[PDB]
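Trainee: Structure file coords_17.cif (mmCIF, C-alpha atoms) right here:
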```cif
data_my_file
loop_
_atom_site.group_PDB
_atom_site.id
_atom_site.type_symbol
_atom_site.label_atom_id
_atom_site.label_comp_id
_atom_site.auth_asym_id
_atom_site.auth_seq_id
_atom_site.Cartn_x
_atom_site.Cartn_y
_atom_site.Cartn_z
ATOM 1 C CA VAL A 50 2.195 -95.391 49.021
ATOM 2 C CA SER A 51 -0.756 -94.957 46.597
ATOM 3 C CA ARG A 52 -0.884 -92.435 43.699
ATOM 4 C CA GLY A 53 -4.644 -92.724 44.459
ATOM 5 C CA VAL A 54 -5.818 -89.704 42.375
ATOM 6 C CA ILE A 55 -9.651 -89.560 42.106
ATOM 7 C CA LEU A 56 -10.768 -85.951 41.413
ATOM 8 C CA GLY A 57 -8.893 -83.777 38.869
ATOM 9 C CA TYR A 58 -6.628 -86.879 39.116
ATOM 10 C CA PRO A 59 -6.948 -90.638 38.426
ATOM 11 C CA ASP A 60 -5.090 -93.992 38.645
ATOM 12 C CA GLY A 61 -5.547 -97.789 38.266
ATOM 13 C CA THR A 62 -2.510 -100.105 37.808
ATOM 14 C CA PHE A 63 0.711 -100.216 35.707
ATOM 15 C CA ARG A 64 3.997 -102.183 35.310
ATOM 16 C CA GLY A 65 5.853 -103.703 32.296
ATOM 17 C CA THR A 66 5.946 -101.086 29.480
ATOM 18 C CA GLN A 67 4.258 -103.226 26.772
ATOM 19 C CA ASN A 68 1.056 -101.190 26.165
ATOM 20 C CA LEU A 69 -2.447 -100.444 27.581
ATOM 21 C CA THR A 70 -6.135 -100.189 26.551
ATOM 22 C CA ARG A 71 -6.644 -96.872 24.687
ATOM 23 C CA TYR A 72 -3.233 -96.006 26.221
ATOM 24 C CA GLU A 73 -0.565 -98.378 24.788
ATOM 25 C CA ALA A 74 2.980 -97.109 25.550
ATOM 26 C CA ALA A 75 3.998 -93.621 24.269
ATOM 27 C CA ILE A 76 5.653 -91.843 27.253
ATOM 28 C CA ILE A 77 2.842 -89.232 26.833
ATOM 29 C CA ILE A 78 2.164 -89.182 30.625
ATOM 30 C CA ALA A 79 -1.040 -87.120 30.989
ATOM 31 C CA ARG A 80 -0.740 -86.570 27.200
ATOM 32 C CA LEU A 81 -1.793 -90.260 26.932
ATOM 33 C CA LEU A 82 -5.227 -88.629 27.426
ATOM 34 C CA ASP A 83 -4.487 -84.877 27.793
ATOM 35 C CA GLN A 84 -3.664 -84.947 24.043
ATOM 36 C CA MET A 85 -6.907 -86.563 22.772
ATOM 37 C CA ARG A 86 -8.434 -84.504 25.622
ATOM 38 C CA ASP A 87 -7.230 -81.046 24.454
ATOM 39 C CA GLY A 88 -7.956 -82.354 20.922
ATOM 40 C CA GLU A 89 -11.597 -82.932 21.954
ATOM 41 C CA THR A 90 -11.444 -79.955 24.392
ATOM 42 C CA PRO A 91 -10.986 -77.786 21.257
ATOM 43 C CA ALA A 92 -14.697 -78.557 20.576
ATOM 44 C CA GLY A 93 -15.980 -75.436 22.390
ATOM 45 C CA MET A 94 -12.910 -73.625 20.973
ATOM 46 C CA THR A 95 -13.965 -74.689 17.438
ATOM 47 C CA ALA A 96 -17.583 -73.477 17.803
ATOM 48 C CA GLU A 97 -16.158 -70.433 19.630
ATOM 49 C CA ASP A 98 -13.964 -69.260 16.761
ATOM 50 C CA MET A 99 -16.957 -69.687 14.469
ATOM 51 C CA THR A 100 -19.326 -68.008 16.905
ATOM 52 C CA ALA A 101 -16.689 -65.282 16.656
ATOM 53 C CA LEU A 102 -15.746 -65.425 12.959
ATOM 54 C CA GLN A 103 -15.122 -61.688 13.519
ATOM 55 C CA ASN A 104 -18.510 -60.126 12.561
ATOM 56 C CA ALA A 105 -18.342 -58.615 16.088
ATOM 57 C CA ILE A 106 -21.442 -56.383 16.416
ATOM 58 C CA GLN A 107 -22.181 -56.972 12.692
ATOM 59 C CA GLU A 108 -23.471 -60.506 13.476
ATOM 60 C CA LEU A 109 -25.647 -59.174 16.352
ATOM 61 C CA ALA A 110 -26.926 -56.319 14.122
ATOM 62 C CA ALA A 111 -27.643 -58.770 11.248
ATOM 63 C CA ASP A 112 -29.441 -61.181 13.645
ATOM 64 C CA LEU A 113 -31.470 -58.330 15.235
ATOM 65 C CA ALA A 114 -32.227 -56.835 11.774
ATOM 66 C CA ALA A 115 -33.233 -60.270 10.371
ATOM 67 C CA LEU A 116 -35.660 -60.097 13.327
ATOM 68 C CA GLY A 117 -39.294 -59.238 12.483
ATOM 69 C CA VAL A 118 -42.446 -60.942 13.102
ATOM 70 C CA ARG A 119 -41.351 -63.215 10.181
ATOM 71 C CA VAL A 120 -44.189 -65.714 10.696
ATOM 72 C CA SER A 121 -47.810 -65.513 11.277
ATOM 73 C CA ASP A 122 -50.734 -65.416 13.584
ATOM 74 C CA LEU A 123 -49.203 -62.781 11.681
ATOM 75 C CA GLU A 124 -50.210 -63.060 8.075
ATOM 76 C CA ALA A 125 -52.814 -64.710 9.594
ATOM 77 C CA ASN A 126 -52.131 -61.843 10.951
ATOM 78 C CA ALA A 127 -50.361 -59.724 8.276
ATOM 79 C CA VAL A 128 -52.106 -61.568 5.387
ATOM 80 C CA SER A 129 -55.456 -61.239 7.243
ATOM 81 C CA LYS A 130 -54.980 -57.497 7.985
ATOM 82 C CA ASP A 131 -53.842 -56.987 4.351
ATOM 83 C CA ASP A 132 -56.241 -59.066 3.389
ATOM 84 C CA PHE A 133 -58.505 -55.848 3.226
ATOM 85 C CA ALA A 134 -59.381 -53.999 0.079
ATOM 86 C CA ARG A 135 -58.340 -50.579 0.156
ATOM 87 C CA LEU A 136 -60.395 -49.703 3.285
ATOM 88 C CA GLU A 137 -64.064 -50.310 2.431
ATOM 89 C CA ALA A 138 -63.170 -50.661 -1.274
ATOM 90 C CA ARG A 139 -66.570 -51.897 -2.577
ATOM 91 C CA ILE A 140 -68.173 -50.613 0.672
ATOM 92 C CA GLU A 141 -66.598 -47.133 0.265
ATOM 93 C CA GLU A 142 -67.631 -47.089 -3.437
ATOM 94 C CA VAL A 143 -71.212 -48.223 -2.611
ATOM 95 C CA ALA A 144 -71.394 -45.580 0.173
ATOM 96 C CA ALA A 145 -71.897 -42.929 -2.926
ATOM 97 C CA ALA A 146 -73.502 -43.153 -6.513
ATOM 98 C CA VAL B 50 17.754 -71.433 43.563
ATOM 99 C CA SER B 51 14.150 -70.119 43.792
ATOM 100 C CA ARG B 52 11.063 -71.861 42.304
ATOM 101 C CA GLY B 53 9.853 -68.211 42.186
ATOM 102 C CA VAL B 54 6.782 -68.766 39.927
ATOM 103 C CA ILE B 55 4.580 -65.620 39.718
ATOM 104 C CA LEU B 56 2.535 -65.682 36.466
ATOM 105 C CA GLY B 57 0.843 -68.914 35.281
ATOM 106 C CA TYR B 58 2.975 -70.149 38.238
ATOM 107 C CA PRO B 59 3.187 -69.472 42.008
ATOM 108 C CA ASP B 60 5.153 -70.321 45.196
ATOM 109 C CA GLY B 61 5.563 -69.372 48.897
ATOM 110 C CA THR B 62 7.307 -71.754 51.364
ATOM 111 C CA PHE B 63 7.238 -75.495 52.260
ATOM 112 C CA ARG B 64 9.072 -78.130 54.386
ATOM 113 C CA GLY B 65 7.910 -80.853 56.849
ATOM 114 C CA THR B 66 4.979 -82.766 55.256
ATOM 115 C CA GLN B 67 2.427 -82.174 58.068
ATOM 116 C CA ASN B 68 -0.208 -80.098 56.196
ATOM 117 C CA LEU B 69 -1.005 -76.560 54.901
ATOM 118 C CA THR B 70 -3.790 -73.919 54.831
ATOM 119 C CA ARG B 71 -6.417 -75.000 52.249
ATOM 120 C CA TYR B 72 -3.640 -77.382 51.085
ATOM 121 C CA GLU B 73 -2.872 -79.894 53.896
ATOM 122 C CA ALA B 74 -0.764 -82.833 52.597
ATOM 123 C CA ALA B 75 -2.179 -84.985 49.733
ATOM 124 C CA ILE B 76 0.675 -85.347 47.177
ATOM 125 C CA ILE B 77 -1.754 -83.630 44.717
ATOM 126 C CA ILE B 78 1.015 -81.270 43.451
ATOM 127 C CA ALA B 79 -0.828 -78.740 41.250
ATOM 128 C CA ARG B 80 -3.936 -80.889 41.930
ATOM 129 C CA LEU B 81 -3.766 -79.395 45.472
ATOM 130 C CA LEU B 82 -5.511 -76.523 43.628
ATOM 131 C CA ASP B 83 -5.774 -77.710 39.984
ATOM 132 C CA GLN B 84 -8.431 -80.172 41.263
ATOM 133 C CA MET B 85 -10.719 -77.667 43.062
ATOM 134 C CA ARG B 86 -9.661 -75.408 40.151
ATOM 135 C CA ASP B 87 -10.882 -77.663 37.288
ATOM 136 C CA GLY B 88 -13.833 -78.450 39.608
ATOM 137 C CA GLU B 89 -14.683 -74.717 39.683
ATOM 138 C CA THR B 90 -13.344 -74.276 36.100
ATOM 139 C CA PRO B 91 -16.241 -76.565 35.046
ATOM 140 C CA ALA B 92 -18.492 -73.543 35.839
ATOM 141 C CA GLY B 93 -18.431 -72.187 32.256
ATOM 142 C CA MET B 94 -18.496 -75.846 31.110
ATOM 143 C CA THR B 95 -21.679 -76.398 33.186
ATOM 144 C CA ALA B 96 -23.517 -73.347 31.774
ATOM 145 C CA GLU B 97 -22.053 -74.301 28.370
ATOM 146 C CA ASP B 98 -23.598 -77.767 28.249
ATOM 147 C CA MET B 99 -26.900 -76.187 29.253
ATOM 148 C CA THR B 100 -26.515 -73.325 26.797
ATOM 149 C CA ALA B 101 -26.067 -76.239 24.398
ATOM 150 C CA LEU B 102 -28.600 -78.764 25.734
ATOM 151 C CA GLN B 103 -28.759 -79.759 22.038
ATOM 152 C CA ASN B 104 -31.660 -77.597 20.719
ATOM 153 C CA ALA B 105 -29.047 -76.372 18.184
ATOM 154 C CA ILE B 106 -30.911 -73.980 15.838
ATOM 155 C CA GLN B 107 -34.208 -74.985 17.536
ATOM 156 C CA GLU B 108 -33.328 -72.821 20.589
ATOM 157 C CA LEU B 109 -32.397 -69.853 18.333
ATOM 158 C CA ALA B 110 -35.601 -70.353 16.272
ATOM 159 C CA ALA B 111 -37.718 -70.616 19.471
ATOM 160 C CA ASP B 112 -36.049 -67.474 20.932
ATOM 161 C CA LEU B 113 -36.484 -65.529 17.645
ATOM 162 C CA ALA B 114 -40.097 -66.796 17.283
ATOM 163 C CA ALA B 115 -40.901 -65.928 20.941
ATOM 164 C CA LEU B 116 -39.739 -62.480 19.749
ATOM 165 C CA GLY B 117 -42.494 -59.916 19.048
ATOM 166 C CA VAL B 118 -43.156 -56.582 20.342
ATOM 167 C CA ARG B 119 -44.437 -58.461 23.460
ATOM 168 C CA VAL B 120 -44.824 -55.293 25.553
ATOM 169 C CA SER B 121 -46.233 -51.942 25.031
ATOM 170 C CA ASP B 122 -45.841 -48.357 24.095
ATOM 171 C CA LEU B 123 -47.294 -51.080 22.255
ATOM 172 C CA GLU B 124 -50.707 -51.858 23.611
ATOM 173 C CA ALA B 125 -50.363 -48.582 24.594
ATOM 174 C CA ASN B 126 -49.617 -49.086 21.476
ATOM 175 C CA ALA B 127 -51.456 -52.277 20.379
ATOM 176 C CA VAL B 128 -54.260 -51.781 22.963
ATOM 177 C CA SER B 129 -54.512 -48.085 21.931
ATOM 178 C CA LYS B 130 -54.599 -48.869 18.169
ATOM 179 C CA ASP B 131 -57.143 -51.658 18.873
ATOM 180 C CA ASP B 132 -58.632 -49.644 21.048
ATOM 181 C CA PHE B 133 -60.723 -48.394 17.955
ATOM 182 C CA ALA B 134 -64.226 -49.480 17.154
ATOM 183 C CA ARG B 135 -64.493 -51.001 13.929
ATOM 184 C CA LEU B 136 -63.177 -47.927 12.031
ATOM 185 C CA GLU B 137 -65.590 -45.054 12.724
ATOM 186 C CA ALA B 138 -68.103 -47.501 14.257
ATOM 187 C CA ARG B 139 -70.591 -44.950 15.700
ATOM 188 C CA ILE B 140 -69.049 -42.286 13.396
ATOM 189 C CA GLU B 141 -69.460 -44.507 10.288
ATOM 190 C CA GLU B 142 -73.047 -45.371 11.366
ATOM 191 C CA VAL B 143 -73.897 -41.680 12.036
ATOM 192 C CA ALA B 144 -72.359 -40.722 8.646
ATOM 193 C CA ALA B 145 -75.835 -42.261 7.086
ATOM 194 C CA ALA B 146 -79.550 -42.526 8.359
#
```
Could I get this file's structure written as structure tokens?
Mentor:
Amino acid sequence: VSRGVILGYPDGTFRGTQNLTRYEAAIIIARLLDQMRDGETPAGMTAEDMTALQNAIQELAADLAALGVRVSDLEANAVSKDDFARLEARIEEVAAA
Amino acid sequence: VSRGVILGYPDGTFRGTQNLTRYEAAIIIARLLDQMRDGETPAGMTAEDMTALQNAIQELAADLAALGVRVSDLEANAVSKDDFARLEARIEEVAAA
């Protein structure tokens, strides 16, 4: 009666083989899109393999390790703190001749 | 002989169109589930897009940055350490009138 197909399914109109917009002929039933689909669908997959790229645990460790306070109210904070002098450098010295 | 279908495939019993438990009629062959399936399957996809939400690198940076020692044996530790006085404040002072 009506292929209908709306969710997880779709339809429109068809007849003489000829071709179709971004569809043409090519038996490729769902493949007509499923192909380019899976092709694109491999996006996540792509990133995924890379996200993997083995390095299991190692990656995490590296990331964590690379972690610090690399930055700086720090400096500002670290630099500032450093900024010192050997405790009261001059002060200390002054405090006894 | 027997559609069987057990792994990546399934079956039970069918006949007069009428309907079916959580299946009813609706030609929707695999779609009978594949639809609701993909629908649900989009779960990961959903989180995924959000996990993405662009912010590539930025998110990581932000997360890392937001990293600290935000917490506290710290306090306990930081607070404690702070807790100080300007080195030997009173002590220092005492040490010369």
Trainee: List the neighbours of residue 122 of chain A out to 12 Å using only C-alpha atoms; skip same-chain residues closer than 6 positions along the sequence, and give me the result as a list in words.
Mentor: residues 128, 129 and 130 of chain A; 114 and 117 of chain B
Trainee: Any idea which chain A residues end up within 9 Å of chain B if we count only C-alpha atoms, as a list in words please?
Mentor: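 Residues passing the distance filter: residues 52, 54, 56, 57, 58, 93, 116, 117, 118, 119, 120 and 144 of chain A.
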Trainee: Could you write out chain B as a PDB file with C-alpha atoms, in the frame of the given file once it has been least-squares superposed on chain A using every ordered C-alpha pair?
Mentor:
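Ended up saving to selection-v5.pdb:
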```pdb
ATOM      1  CA  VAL B  50       2.195 -95.392  49.021  1.00  0.00           C
ATOM      2  CA  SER B  51      -0.756 -94.958  46.597  1.00  0.00           C
ATOM      3  CA  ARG B  52      -0.884 -92.435  43.699  1.00  0.00           C
ATOM      4  CA  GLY B  53      -4.644 -92.724  44.458  1.00  0.00           C
ATOM      5  CA  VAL B  54      -5.817 -89.703  42.375  1.00  0.00           C
ATOM      6  CA  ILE B  55      -9.651 -89.560  42.107  1.00  0.00           C
ATOM      7  CA  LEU B  56     -10.769 -85.950  41.414  1.00  0.00           C
ATOM      8  CA  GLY B  57      -8.894 -83.777  38.869  1.00  0.00           C
ATOM      9  CA  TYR B  58      -6.628 -86.878  39.116  1.00  0.00           C
ATOM     10  CA  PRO B  59      -6.948 -90.638  38.425  1.00  0.00           C
ATOM     11  CA  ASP B  60      -5.089 -93.991  38.644  1.00  0.00           C
ATOM     12  CA  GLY B  61      -5.547 -97.788  38.267  1.00  0.00           C
ATOM     13  CA  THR B  62      -2.510-100.106  37.807  1.00  0.00           C
ATOM     14  CA  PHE B  63       0.711-100.216  35.707  1.00  0.00           C
ATOM     15  CA  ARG B  64       3.997-102.184  35.310  1.00  0.00           C
ATOM     16  CA  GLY B  65       5.852-103.702  32.296  1.00  0.00           C
ATOM     17  CA  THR B  66       5.946-101.085  29.479  1.00  0.00           C
ATOM     18  CA  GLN B  67       4.257-103.226  26.771  1.00  0.00           C
ATOM     19  CA  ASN B  68       1.056-101.190  26.165  1.00  0.00           C
ATOM     20  CA  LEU B  69      -2.446-100.445  27.581  1.00  0.00           C
ATOM     21  CA  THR B  70      -6.135-100.190  26.551  1.00  0.00           C
ATOM     22  CA  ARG B  71      -6.644 -96.872  24.688  1.00  0.00           C
ATOM     23  CA  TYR B  72      -3.232 -96.005  26.221  1.00  0.00           C
ATOM     24  CA  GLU B  73      -0.565 -98.379  24.788  1.00  0.00           C
ATOM     25  CA  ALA B  74       2.981 -97.108  25.549  1.00  0.00           C
ATOM     26  CA  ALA B  75       3.998 -93.621  24.269  1.00  0.00           C
ATOM     27  CA  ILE B  76       5.653 -91.843  27.254  1.00  0.00           C
ATOM     28  CA  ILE B  77       2.842 -89.232  26.833  1.00  0.00           C
ATOM     29  CA  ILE B  78       2.163 -89.182  30.625  1.00  0.00           C
ATOM     30  CA  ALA B  79      -1.040 -87.121  30.989  1.00  0.00           C
ATOM     31  CA  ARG B  80      -0.739 -86.570  27.201  1.00  0.00           C
ATOM     32  CA  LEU B  81      -1.793 -90.261  26.932  1.00  0.00           C
ATOM     33  CA  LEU B  82      -5.227 -88.628  27.426  1.00  0.00           C
ATOM     34  CA  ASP B  83      -4.488 -84.877  27.794  1.00  0.00           C
ATOM     35  CA  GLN B  84      -3.664 -84.947  24.043  1.00  0.00           C
ATOM     36  CA  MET B  85      -6.908 -86.563  22.772  1.00  0.00           C
ATOM     37  CA  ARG B  86      -8.434 -84.504  25.622  1.00  0.00           C
ATOM     38  CA  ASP B  87      -7.230 -81.046  24.453  1.00  0.00           C
ATOM     39  CA  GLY B  88      -7.955 -82.354  20.921  1.00  0.00           C
ATOM     40  CA  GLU B  89     -11.597 -82.932  21.955  1.00  0.00           C
ATOM     41  CA  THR B  90     -11.444 -79.955  24.392  1.00  0.00           C
ATOM     42  CA  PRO B  91     -10.987 -77.786  21.257  1.00  0.00           C
ATOM     43  CA  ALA B  92     -14.697 -78.557  20.576  1.00  0.00           C
ATOM     44  CA  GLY B  93     -15.980 -75.436  22.390  1.00  0.00           C
ATOM     45  CA  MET B  94     -12.911 -73.626  20.973  1.00  0.00           C
ATOM     46  CA  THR B  95     -13.966 -74.689  17.437  1.00  0.00           C
ATOM     47  CA  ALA B  96     -17.582 -73.477  17.803  1.00  0.00           C
ATOM     48  CA  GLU B  97     -16.158 -70.432  19.630  1.00  0.00           C
ATOM     49  CA  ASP B  98     -13.964 -69.260  16.762  1.00  0.00           C
ATOM     50  CA  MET B  99     -16.958 -69.688  14.469  1.00  0.00           C
ATOM     51  CA  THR B 100     -19.326 -68.008  16.905  1.00  0.00           C
ATOM     52  CA  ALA B 101     -16.689 -65.282  16.656  1.00  0.00           C
ATOM     53  CA  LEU B 102     -15.746 -65.426  12.959  1.00  0.00           C
ATOM     54  CA  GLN B 103     -15.122 -61.688  13.520  1.00  0.00           C
ATOM     55  CA  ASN B 104     -18.509 -60.126  12.562  1.00  0.00           C
ATOM     56  CA  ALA B 105     -18.342 -58.614  16.089  1.00  0.00           C
ATOM     57  CA  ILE B 106     -21.442 -56.383  16.416  1.00  0.00           C
ATOM     58  CA  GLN B 107     -22.181 -56.972  12.691  1.00  0.00           C
ATOM     59  CA  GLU B 108     -23.472 -60.507  13.477  1.00  0.00           C
ATOM     60  CA  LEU B 109     -25.646 -59.174  16.351  1.00  0.00           C
ATOM     61  CA  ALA B 110     -26.926 -56.318  14.122  1.00  0.00           C
ATOM     62  CA  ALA B 111     -27.643 -58.770  11.248  1.00  0.00           C
ATOM     63  CA  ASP B 112     -29.441 -61.182  13.645  1.00  0.00           C
ATOM     64  CA  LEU B 113     -31.470 -58.331  15.235  1.00  0.00           C
ATOM     65  CA  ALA B 114     -32.228 -56.835  11.773  1.00  0.00           C
ATOM     66  CA  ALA B 115     -33.233 -60.271  10.370  1.00  0.00           C
ATOM     67  CA  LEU B 116     -35.660 -60.098  13.327  1.00  0.00           C
ATOM     68  CA  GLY B 117     -39.293 -59.236  12.483  1.00  0.00           C
ATOM     69  CA  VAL B 118     -42.446 -60.942  13.102  1.00  0.00           C
ATOM     70  CA  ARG B 119     -41.351 -63.214  10.181  1.00  0.00           C
ATOM     71  CA  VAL B 120     -44.188 -65.714  10.697  1.00  0.00           C
ATOM     72  CA  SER B 121     -47.809 -65.513  11.277  1.00  0.00           C
ATOM     73  CA  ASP B 122     -50.734 -65.416  13.583  1.00  0.00           C
ATOM     74  CA  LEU B 123     -49.203 -62.780  11.681  1.00  0.00           C
ATOM     75  CA  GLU B 124     -50.210 -63.059   8.075  1.00  0.00           C
ATOM     76  CA  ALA B 125     -52.815 -64.710   9.593  1.00  0.00           C
ATOM     77  CA  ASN B 126     -52.130 -61.843  10.950  1.00  0.00           C
ATOM     78  CA  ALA B 127     -50.361 -59.724   8.276  1.00  0.00           C
ATOM     79  CA  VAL B 128     -52.105 -61.567   5.386  1.00  0.00           C
ATOM     80  CA  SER B 129     -55.457 -61.239   7.243  1.00  0.00           C
ATOM     81  CA  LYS B 130     -54.980 -57.497   7.984  1.00  0.00           C
ATOM     82  CA  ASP B 131     -53.842 -56.988   4.353  1.00  0.00           C
ATOM     83  CA  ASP B 132     -56.242 -59.066   3.390  1.00  0.00           C
ATOM     84  CA  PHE B 133     -58.505 -55.848   3.227  1.00  0.00           C
ATOM     85  CA  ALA B 134     -59.381 -53.999   0.080  1.00  0.00           C
ATOM     86  CA  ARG B 135     -58.339 -50.580   0.156  1.00  0.00           C
ATOM     87  CA  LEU B 136     -60.395 -49.704   3.285  1.00  0.00           C
ATOM     88  CA  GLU B 137     -64.064 -50.310   2.432  1.00  0.00           C
ATOM     89  CA  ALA B 138     -63.170 -50.660  -1.274  1.00  0.00           C
ATOM     90  CA  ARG B 139     -66.569 -51.897  -2.577  1.00  0.00           C
ATOM     91  CA  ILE B 140     -68.174 -50.614   0.673  1.00  0.00           C
ATOM     92  CA  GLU B 141     -66.598 -47.133   0.264  1.00  0.00           C
ATOM     93  CA  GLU B 142     -67.630 -47.088  -3.438  1.00  0.00           C
ATOM     94  CA  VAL B 143     -71.211 -48.223  -2.611  1.00  0.00           C
ATOM     95  CA  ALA B 144     -71.394 -45.579   0.173  1.00  0.00           C
ATOM     96  CA  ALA B 145     -71.897 -42.930  -2.927  1.00  0.00           C
ATOM     97  CA  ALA B 146     -73.502 -43.153  -6.514  1.00  0.00           C
TER      98      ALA B 146
END
```
Trainee: Could you work out how far atom CA of residue 138 of chain B lies from atom CA of residue 135 of chain A, giving the answer in Å with one decimal?
Mentor: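 Taking atom CA of residue 135 of chain A and atom CA of residue 138 of chain B, their separation equals 17.4 Å.
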Trainee: Give, as lines of an AutoDock Vina configuration file, the centre coordinates and the x, y and z edge lengths in Å to one decimal for an axis-aligned box around all listed atoms of segment 54-67 of chain B, padded by 6 Å on each side.
Mentor:
```
center_x = 5.0
center_y = -74.2
center_z = 46.7
size_x = 20.2
size_y = 29.1
size_z = 34.8
```
Trainee: If you measure from atom CA of residue 104 of chain B to atom CA of residue 92 of chain A, what distance in Å do you get, rounded to one decimal?
Mentor: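 If I compute the distance from atom CA of residue 104 of chain B to atom CA of residue 92 of chain A, I get 17.0 Å.
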Trainee: What does the distance between atom CA of residue 101 of chain B and atom CA of residue 96 of chain A come to in Å, to one decimal place?
Mentor: 11.1 Å
Trainee: Leaving out residue 63 of chain A and any residue of its chain fewer than 6 positions from it, which residues lie within 12 Å of it when counting only C-alpha atoms, given as a count of residues only?
Mentor: 6
Trainee: Generate the missing atoms of segment 93-107 of chain B up to N, CA, C and O atoms and report them as a PDB file, in the coordinates of the input.
Mentor:
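Saved result, part.pdb, follows:
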```
ATOM      1  N   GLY B  93     -18.127 -72.450  33.679  1.00  0.00           N
ATOM      2  CA  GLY B  93     -18.431 -72.187  32.256  1.00  0.00           C
ATOM      3  C   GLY B  93     -18.925 -73.487  31.621  1.00  0.00           C
ATOM      4  O   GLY B  93     -20.049 -73.495  31.095  1.00  0.00           O
ATOM      5  N   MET B  94     -18.109 -74.543  31.693  1.00  0.00           N
ATOM      6  CA  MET B  94     -18.496 -75.846  31.110  1.00  0.00           C
ATOM      7  C   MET B  94     -19.955 -76.154  31.461  1.00  0.00           C
ATOM      8  O   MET B  94     -20.737 -76.435  30.537  1.00  0.00           O
ATOM      9  N   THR B  95     -20.291 -76.118  32.751  1.00  0.00           N
ATOM     10  CA  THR B  95     -21.679 -76.398  33.186  1.00  0.00           C
ATOM     11  C   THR B  95     -22.640 -75.558  32.342  1.00  0.00           C
ATOM     12  O   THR B  95     -23.353 -76.138  31.495  1.00  0.00           O
ATOM     13  N   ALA B  96     -22.653 -74.244  32.573  1.00  0.00           N
ATOM     14  CA  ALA B  96     -23.517 -73.347  31.774  1.00  0.00           C
ATOM     15  C   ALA B  96     -23.448 -73.776  30.310  1.00  0.00           C
ATOM     16  O   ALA B  96     -24.511 -73.981  29.698  1.00  0.00           O
ATOM     17  N   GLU B  97     -22.229 -73.912  29.784  1.00  0.00           N
ATOM     18  CA  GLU B  97     -22.053 -74.301  28.370  1.00  0.00           C
ATOM     19  C   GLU B  97     -22.967 -75.481  28.036  1.00  0.00           C
ATOM     20  O   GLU B  97     -23.856 -75.298  27.183  1.00  0.00           O
ATOM     21  N   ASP B  98     -22.771 -76.644  28.672  1.00  0.00           N
ATOM     22  CA  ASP B  98     -23.598 -77.767  28.249  1.00  0.00           C
ATOM     23  C   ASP B  98     -25.053 -77.383  28.205  1.00  0.00           C
ATOM     24  O   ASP B  98     -25.770 -77.759  27.289  1.00  0.00           O
ATOM     25  N   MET B  99     -25.510 -76.625  29.231  1.00  0.00           N
ATOM     26  CA  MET B  99     -26.900 -76.187  29.253  1.00  0.00           C
ATOM     27  C   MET B  99     -27.199 -75.265  28.083  1.00  0.00           C
ATOM     28  O   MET B  99     -28.248 -75.375  27.446  1.00  0.00           O
ATOM     29  N   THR B 100     -26.347 -74.247  27.936  1.00  0.00           N
ATOM     30  CA  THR B 100     -26.515 -73.325  26.797  1.00  0.00           C
ATOM     31  C   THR B 100     -26.708 -74.219  25.581  1.00  0.00           C
ATOM     32  O   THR B 100     -27.611 -73.944  24.769  1.00  0.00           O
ATOM     33  N   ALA B 101     -25.891 -75.269  25.495  1.00  0.00           N
ATOM     34  CA  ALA B 101     -26.067 -76.239  24.398  1.00  0.00           C
ATOM     35  C   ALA B 101     -27.388 -76.967  24.637  1.00  0.00           C
ATOM     36  O   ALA B 101     -28.396 -76.568  24.030  1.00  0.00           O
ATOM     37  N   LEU B 102     -27.381 -77.960  25.527  1.00  0.00           N
ATOM     38  CA  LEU B 102     -28.600 -78.764  25.734  1.00  0.00           C
ATOM     39  C   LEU B 102     -29.170 -79.064  24.349  1.00  0.00           C
ATOM     40  O   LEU B 102     -30.378 -78.843  24.142  1.00  0.00           O
ATOM     41  N   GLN B 103     -28.313 -79.525  23.429  1.00  0.00           N
ATOM     42  CA  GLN B 103     -28.759 -79.759  22.038  1.00  0.00           C
ATOM     43  C   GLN B 103     -29.549 -78.535  21.574  1.00  0.00           C
ATOM     44  O   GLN B 103     -28.984 -77.427  21.615  1.00  0.00           O
ATOM     45  N   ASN B 104     -30.797 -78.729  21.135  1.00  0.00           N
ATOM     46  CA  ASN B 104     -31.660 -77.597  20.719  1.00  0.00           C
ATOM     47  C   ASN B 104     -30.932 -76.706  19.708  1.00  0.00           C
ATOM     48  O   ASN B 104     -31.451 -75.613  19.411  1.00  0.00           O
ATOM     49  N   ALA B 105     -29.779 -77.150  19.204  1.00  0.00           N
ATOM     50  CA  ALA B 105     -29.047 -76.372  18.184  1.00  0.00           C
ATOM     51  C   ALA B 105     -30.076 -75.823  17.197  1.00  0.00           C
ATOM     52  O   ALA B 105     -30.955 -76.614  16.794  1.00  0.00           O
ATOM     53  N   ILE B 106     -29.978 -74.533  16.846  1.00  0.00           N
ATOM     54  CA  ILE B 106     -30.911 -73.980  15.838  1.00  0.00           C
ATOM     55  C   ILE B 106     -32.308 -73.868  16.454  1.00  0.00           C
ATOM     56  O   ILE B 106     -32.837 -72.746  16.512  1.00  0.00           O
ATOM     57  N   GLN B 107     -32.873 -74.996  16.896  1.00  0.00           N
ATOM     58  CA  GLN B 107     -34.208 -74.985  17.536  1.00  0.00           C
ATOM     59  C   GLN B 107     -34.267 -73.854  18.568  1.00  0.00           C
ATOM     60  O   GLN B 107     -35.139 -72.980  18.434  1.00  0.00           O
TER      61      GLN B 107
END
```
